[PDB]
>>> print(open('protein05.cif').read())   # mmCIF, C-alpha atoms
data_structure
loop_
_atom_site.label_atom_id
_atom_site.label_comp_id
_atom_site.auth_asym_id
_atom_site.auth_seq_id
_atom_site.Cartn_x
_atom_site.Cartn_y
_atom_site.Cartn_z
CA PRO K 18 4.38 -11.63 -9.04
CA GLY K 19 6.68 -9.38 -11.09
CA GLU K 20 6.35 -9.96 -14.85
CA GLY K 21 3.72 -7.22 -15.36
CA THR K 22 1.37 -9.81 -13.78
CA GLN K 23 -2.38 -9.01 -13.84
CA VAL K 24 -4.25 -9.33 -10.55
CA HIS K 25 -7.70 -8.99 -9.01
CA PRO K 26 -7.45 -7.74 -5.39
CA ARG K 27 -9.73 -9.22 -2.72
CA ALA K 28 -12.59 -6.99 -1.49
CA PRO K 29 -10.92 -5.48 1.60
CA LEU K 30 -7.84 -4.41 -0.43
CA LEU K 31 -9.97 -3.30 -3.40
CA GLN K 32 -11.97 -0.95 -1.11
CA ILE K 33 -8.68 0.74 -0.08
CA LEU K 34 -7.48 1.26 -3.66
CA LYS K 35 -10.84 2.78 -4.69
CA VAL K 36 -10.58 5.30 -1.82
CA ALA K 37 -7.12 6.16 -3.22
CA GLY K 38 -8.84 6.94 -6.53
CA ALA K 39 -8.65 3.66 -8.50
CA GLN K 40 -11.56 3.11 -10.88
CA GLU K 41 -10.48 -0.40 -11.63
CA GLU K 42 -11.03 -4.09 -10.96
CA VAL K 43 -7.84 -5.39 -12.65
CA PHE K 44 -4.29 -4.20 -11.75
CA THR K 45 -0.62 -4.98 -12.15
CA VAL K 46 1.35 -5.17 -8.89
CA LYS K 47 2.99 -1.87 -9.92
CA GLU K 48 -0.47 -0.25 -10.16
CA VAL K 49 -1.46 -1.67 -6.75
CA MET K 50 1.70 -0.21 -5.17
CA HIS K 51 0.96 3.11 -6.86
CA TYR K 52 -2.49 3.25 -5.25
CA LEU K 53 -1.21 2.07 -1.86
CA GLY K 54 1.28 4.98 -1.81
CA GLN K 55 -1.52 7.30 -2.94
CA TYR K 56 -3.66 6.10 -0.01
CA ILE K 57 -0.99 6.53 2.69
CA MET K 58 -0.21 9.96 1.26
CA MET K 59 -3.78 11.24 1.02
CA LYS K 60 -4.77 9.89 4.45
CA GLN K 61 -1.40 11.21 5.76
CA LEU K 62 -0.55 7.95 7.52
CA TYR K 63 3.22 8.46 7.42
CA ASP K 64 5.01 9.87 10.48
CA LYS K 65 5.47 13.67 10.03
CA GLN K 66 9.05 13.62 11.33
CA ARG K 67 10.34 10.23 10.15
CA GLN K 68 8.53 9.70 6.90
CA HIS K 69 9.63 6.11 6.17
CA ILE K 70 7.42 5.10 9.15
CA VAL K 71 3.73 4.55 8.37
CA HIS K 72 1.18 4.58 11.22
CA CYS K 73 -1.65 2.35 10.05
CA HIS K 74 -3.26 1.53 13.40
CA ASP K 75 -6.97 2.48 13.57
CA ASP K 76 -7.15 2.57 9.77
CA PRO K 77 -8.56 -0.10 7.41
CA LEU K 78 -4.99 -0.45 6.07
CA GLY K 79 -3.86 -1.66 9.51
CA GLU K 80 -6.61 -4.33 9.43
CA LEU K 81 -5.05 -5.78 6.24
CA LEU K 82 -1.40 -5.43 7.26
CA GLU K 83 -2.10 -6.82 10.74
CA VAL K 84 0.48 -4.46 12.27
CA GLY K 85 0.11 -1.05 13.98
CA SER K 86 2.94 0.44 11.95
CA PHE K 87 5.69 -0.43 9.50
CA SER K 88 8.78 0.98 7.82
CA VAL K 89 8.85 1.35 4.01
CA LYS K 90 12.47 0.07 4.30
CA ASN K 91 11.13 -3.09 6.05
CA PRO K 92 8.27 -3.69 3.61
CA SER K 93 7.71 -7.41 4.38
CA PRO K 94 4.28 -6.85 6.08
CA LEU K 95 3.16 -5.11 2.89
CA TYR K 96 4.27 -7.89 0.51
CA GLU K 97 2.79 -10.54 2.84
CA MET K 98 -0.53 -8.66 2.92
CA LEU K 99 -0.49 -8.58 -0.92
CA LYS K 100 0.19 -12.33 -1.07
CA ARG K 101 -3.00 -12.84 0.97
CA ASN K 102 -4.99 -10.19 -0.89
CA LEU K 103 -4.25 -10.61 -4.60
CA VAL K 104 -5.73 -13.17 -7.00
CA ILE K 105 -3.51 -13.83 -10.01
CA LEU K 106 -5.12 -13.43 -13.45
CA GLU M 17 13.24 12.39 3.43
CA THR M 18 9.69 12.83 2.04
CA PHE M 19 7.30 9.81 2.16
CA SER M 20 6.73 10.12 -1.60
CA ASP M 21 10.52 10.07 -2.27
CA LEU M 22 10.87 6.98 -0.04
CA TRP M 23 7.84 5.13 -1.48
CA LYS M 24 9.20 5.51 -5.05
CA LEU M 25 12.33 3.63 -3.94
CA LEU M 26 10.41 0.43 -3.09
CA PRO M 27 12.08 -2.68 -4.61
#
>>> encode(input="protein05.cif", output="structure tokens")
Amino acid sequence: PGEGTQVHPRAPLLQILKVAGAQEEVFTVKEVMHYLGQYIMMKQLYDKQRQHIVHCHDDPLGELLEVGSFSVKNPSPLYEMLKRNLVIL
Amino acid sequence: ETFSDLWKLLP
């Protein structure tokens, strides 16, 4: 979904975006990615030394991604999670 | 280098 597509995220993903500050029920994919970055940043999930690595184990984000960690340069787990967690409007 | 720099460069 790329063409400024409008989406409603499933409950578990929506809870995460609202923690990141989203006061919203409808998003574009771009807006979802914005709030995902916000979340990782504010919960400081990225590795301190190697900041492309995100440690999401023992966080609700890990529950959705289904991995303990991921690289932002290997973002497949993220896009897969979004395929499962976004309803197209 | 910074997570925020890296995140911005997501395809």
>>> atom_distance(input="protein05.cif", atom1="CA of residue 73 (chain K)", atom2="CA of residue 87 (chain K)")
7.9 Å
>>> residues_around(input="protein05.cif", residues="residue 17 (chain M)", least_positions_apart="4", cutoff="7 Å", atoms="only C-alpha atoms", output="PyMOL selection string")
(chain K and resi 68) or (chain M and resi 21-22)
>>> interface_residues(input="protein05.cif", of="chain M", to="chain K", cutoff="8 Å", atoms="only C-alpha atoms", output="compact mmCIF listing (two decimals) with C-alpha atoms, in the coordinates of the input")
# COMPACT_ATOMS: atom_id res chain seq x y z
CA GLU M 17 13.24 12.39 3.43
CA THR M 18 9.69 12.83 2.04
CA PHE M 19 7.30 9.81 2.16
CA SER M 20 6.73 10.12 -1.60
CA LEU M 22 10.87 6.98 -0.04
CA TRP M 23 7.84 5.13 -1.48
CA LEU M 26 10.41 0.43 -3.09
>>> atom_distance(input="protein05.cif", atom1="CA of residue 86 (chain K)", atom2="CA of residue 18 (chain K)")
24.3 Å
>>> residues_near_point(input="protein05.cif", point="(-8.3, 8.4, -0.8)", cutoff="6 Å", atoms="only C-alpha atoms", output="ChimeraX atom specification")
/K:36-38,56,59
>>> atom_distance(input="protein05.cif", atom1="CA of residue 74 (chain K)", atom2="CA of residue 40 (chain K)")
25.7 Å
>>> closest_residue(input="protein05.cif", among="K:20, K:77, K:103, K:97", to="residue 32 (chain K)", atoms="only C-alpha atoms")
K:77
>>> resolve_selection(input="protein05.cif", expression="the PyMOL selection byres ((chain K and resi 26) around 8)", output="JSON list (two decimals) with C-alpha atoms, in the frame of the given file")
[["chain", "number", "residue", "atom", "x", "y", "z"],
["K", 24, "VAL", "CA", -4.25, -9.33, -10.55],
["K", 25, "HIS", "CA", -7.70, -8.99, -9.01],
["K", 27, "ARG", "CA", -9.73, -9.22, -2.72],
["K", 28, "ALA", "CA", -12.59, -6.99, -1.49],
["K", 30, "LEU", "CA", -7.84, -4.41, -0.43],
["K", 31, "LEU", "CA", -9.97, -3.30, -3.40],
["K", 42, "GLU", "CA", -11.03, -4.09, -10.96],
["K", 43, "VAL", "CA", -7.84, -5.39, -12.65],
["K", 44, "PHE", "CA", -4.29, -4.20, -11.75],
["K", 102, "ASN", "CA", -4.99, -10.19, -0.89],
["K", 103, "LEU", "CA", -4.25, -10.61, -4.60],
["K", 104, "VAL", "CA", -5.73, -13.17, -7.00]]
>>> closest_residue(input="protein05.cif", among="K:82, K:106, K:98, K:46", to="residue 27 (chain M)", atoms="all atoms listed in the file")
K:46
>>> closest_residue(input="protein05.cif", among="K:47, K:35, K:72, K:60", to="residue 88 (chain K)", atoms="only C-alpha atoms")
K:72
>>> axis_aligned_box(input="protein05.cif", around="chain M", padding_each_side="8 Å", output="AutoDock Vina command-line options")
--center_x 10.0 --center_y 5.1 --center_z -0.8 --size_x 22.5 --size_y 31.5 --size_z 24.5
